[PDB]
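Notes follow the structure.
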Amino acid sequence: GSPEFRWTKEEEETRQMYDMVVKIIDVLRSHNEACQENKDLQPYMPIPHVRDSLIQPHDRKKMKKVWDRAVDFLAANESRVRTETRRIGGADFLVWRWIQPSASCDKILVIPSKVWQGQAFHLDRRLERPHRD
């Protein structure tokens with residue numbers, strides 16, 4: 001019945017909580033830096049891409065059940081992938097997919113408040129901001 005705001009102090013609540021989540025906040029913040037370069041390096045993945053990611057082999061799921069609680073810590077400060085309900089094979093399930101902040105998200109408003117070179121181009125060379133490596 002109220003929003004979160006999410007500024008610098010909201011971290012003081014989450015600090016001590018980070019134990020198992022530090023691996024998954026590492027998975028999302030890490031894949032992100034390579035992702036803003038490219039379009040989205042992850043276009044669609046399941047809930048287990050991130051829920052298997054806490055551990056790699058046969059013991060993979062053993063902290064995916066803990067993840068149910070770990071999300072209480074994540075969700076007060078970070079969501080560096082997008083949540084969507086999507087239809088696959090005629091059936092609608094919940095999947096997690098990539099959103100990358102900075103470098104891609106650039107635009108011009110009513111007053112073109114920029115100088116010649118630094119950012120992109122204008123009129124000539126009608127592409128997007130990130131390019132082929």
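In the structure tokens, the first chain shown is A, the next is B, and so on; residue numbers restart at 1 for each chain, and ligands run from 1 in the order shown.
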Segment 28-37 of chain A surroundings by only C-alpha atoms, 12 Å radius, close-in-sequence under 4 positions cut, as a PyMOL selection string: chain A and resi 21-24+41-43+49-50+53-54+74+78-82+96-106+128-133
task: Step one, run DSSP on the backbone; step two, keep only residues of segment 38-102 of chain A assigned to alpha helix (DSSP H); then write them as an MDAnalysis selection string.
output: chainID A and resid 47:52 67:74
Would you save the residues from that selection as a CSV table (one decimal), in the first residue's frame, using N, CA and C atoms?
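Final file, again.csv:
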```csv
chain,number,residue,atom,x,y,z
A,47,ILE,N,13.4,-20.1,-14.6
A,47,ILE,CA,13.5,-19.8,-13.1
A,47,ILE,C,14.7,-20.5,-12.5
A,48,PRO,N,14.9,-21.9,-12.6
A,48,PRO,CA,16.1,-22.6,-12.5
A,48,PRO,C,17.3,-22.2,-13.3
A,49,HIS,N,17.4,-21.3,-14.3
A,49,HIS,CA,18.8,-20.8,-14.8
A,49,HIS,C,19.6,-20.2,-13.6
A,50,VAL,N,18.8,-19.3,-12.9
A,50,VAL,CA,19.1,-18.6,-11.7
A,50,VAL,C,18.9,-19.5,-10.5
A,51,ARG,N,17.8,-20.3,-10.3
A,51,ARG,CA,17.7,-21.3,-9.3
A,51,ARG,C,18.7,-22.5,-9.4
A,52,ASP,N,19.2,-23.0,-10.5
A,52,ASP,CA,20.3,-23.9,-10.6
A,52,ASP,C,21.7,-23.2,-10.3
A,67,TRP,N,16.6,-20.6,-1.9
A,67,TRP,CA,16.3,-19.5,-2.9
A,67,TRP,C,15.0,-18.8,-2.7
A,68,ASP,N,14.0,-19.6,-2.3
A,68,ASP,CA,12.6,-19.2,-1.9
A,68,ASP,C,12.6,-18.2,-0.7
A,69,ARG,N,13.4,-18.3,0.3
A,69,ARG,CA,13.8,-17.4,1.3
A,69,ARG,C,14.8,-16.3,0.9
A,70,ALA,N,15.9,-16.7,0.1
A,70,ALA,CA,17.0,-15.8,-0.4
A,70,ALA,C,16.5,-14.5,-1.2
A,71,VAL,N,15.5,-14.7,-2.0
A,71,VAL,CA,14.6,-13.7,-2.7
A,71,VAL,C,14.1,-12.6,-1.9
A,72,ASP,N,13.7,-12.8,-0.6
A,72,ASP,CA,13.3,-11.8,0.4
A,72,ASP,C,14.4,-10.7,0.6
A,73,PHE,N,15.7,-11.1,0.7
A,73,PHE,CA,16.9,-10.4,0.6
A,73,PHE,C,17.2,-9.7,-0.7
A,74,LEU,N,17.2,-10.4,-1.9
A,74,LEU,CA,17.3,-9.9,-3.3
A,74,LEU,C,16.4,-8.8,-3.7
```
field: Shell around segment 6-11 of chain A at 8 Å using only C-alpha atoms, local window under 4 positions removed, as a PyMOL selection string
entry: chain A and resi 15+76-77
Please write the residues from the selection above to a file, keeping N, CA and C atoms, as a short mmCIF file (atom, residue, chain, number, x, y, z; two decimals), in the first residue's frame.
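See out35.cif below for the written result:
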```cif
data_model
loop_
_atom_site.label_atom_id
_atom_site.label_comp_id
_atom_site.auth_asym_id
_atom_site.auth_seq_id
_atom_site.Cartn_x
_atom_site.Cartn_y
_atom_site.Cartn_z
N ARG A 15 21.96 -5.72 4.63
CA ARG A 15 23.30 -6.04 5.16
C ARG A 15 23.36 -6.97 6.41
N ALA A 76 14.50 -6.63 -2.05
CA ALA A 76 14.52 -5.35 -1.38
C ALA A 76 15.59 -4.40 -1.98
N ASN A 77 16.50 -4.91 -2.85
CA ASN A 77 17.57 -4.13 -3.46
C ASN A 77 17.93 -4.41 -4.92
#
```
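Here the strand (DSSP E or B) residues in chain A, by DSSP on the backbone, are residues 45, 82, 83, 84, 85, 86, 87, 88, 91, 92, 93, 94, 95, 96 and 97 of chain A.
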How about saving the chosen residues, N, CA and C atoms kept, as a compact mmCIF listing (two decimals), in the first residue's frame?
```
# COMPACT_ATOMS: atom_id res chain seq x y z
N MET A 45 15.59 -17.36 -20.41
CA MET A 45 16.09 -18.45 -19.56
C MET A 45 14.98 -18.86 -18.58
N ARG A 82 14.70 -9.26 -16.07
CA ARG A 82 13.26 -9.01 -16.17
C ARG A 82 12.42 -10.27 -15.95
N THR A 83 11.29 -10.19 -15.20
CA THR A 83 10.33 -11.29 -14.98
C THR A 83 9.15 -11.10 -15.93
N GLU A 84 8.80 -12.17 -16.67
CA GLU A 84 7.72 -12.18 -17.64
C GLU A 84 7.01 -13.54 -17.66
N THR A 85 5.67 -13.56 -17.94
CA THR A 85 4.86 -14.77 -18.17
C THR A 85 4.74 -14.92 -19.68
N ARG A 86 5.27 -16.00 -20.29
CA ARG A 86 5.36 -16.10 -21.75
C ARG A 86 4.84 -17.45 -22.21
N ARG A 87 4.22 -17.53 -23.43
CA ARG A 87 3.66 -18.75 -24.00
C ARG A 87 4.69 -19.52 -24.83
N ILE A 88 4.99 -20.79 -24.46
CA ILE A 88 5.97 -21.65 -25.13
C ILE A 88 5.33 -23.01 -25.32
N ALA A 91 1.80 -23.11 -23.99
CA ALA A 91 1.59 -23.06 -22.55
C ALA A 91 2.35 -21.87 -21.94
N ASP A 92 1.71 -21.12 -21.02
CA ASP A 92 2.15 -19.92 -20.32
C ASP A 92 2.79 -20.25 -18.96
N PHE A 93 4.13 -20.07 -18.83
CA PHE A 93 4.89 -20.30 -17.60
C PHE A 93 5.64 -19.02 -17.28
N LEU A 94 6.27 -18.91 -16.08
CA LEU A 94 7.07 -17.75 -15.69
C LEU A 94 8.55 -18.05 -15.99
N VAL A 95 9.23 -17.11 -16.69
CA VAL A 95 10.61 -17.19 -17.15
C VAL A 95 11.32 -15.90 -16.72
N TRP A 96 12.69 -15.90 -16.64
CA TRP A 96 13.45 -14.66 -16.29
C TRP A 96 14.30 -14.34 -17.56
N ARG A 97 14.45 -13.07 -18.04
CA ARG A 97 15.08 -12.74 -19.33
C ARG A 97 15.94 -11.49 -19.18
```
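Of note, atom CA of residue 14 of chain A and atom CA of residue 62 of chain A are spaced 22.9 Å apart.
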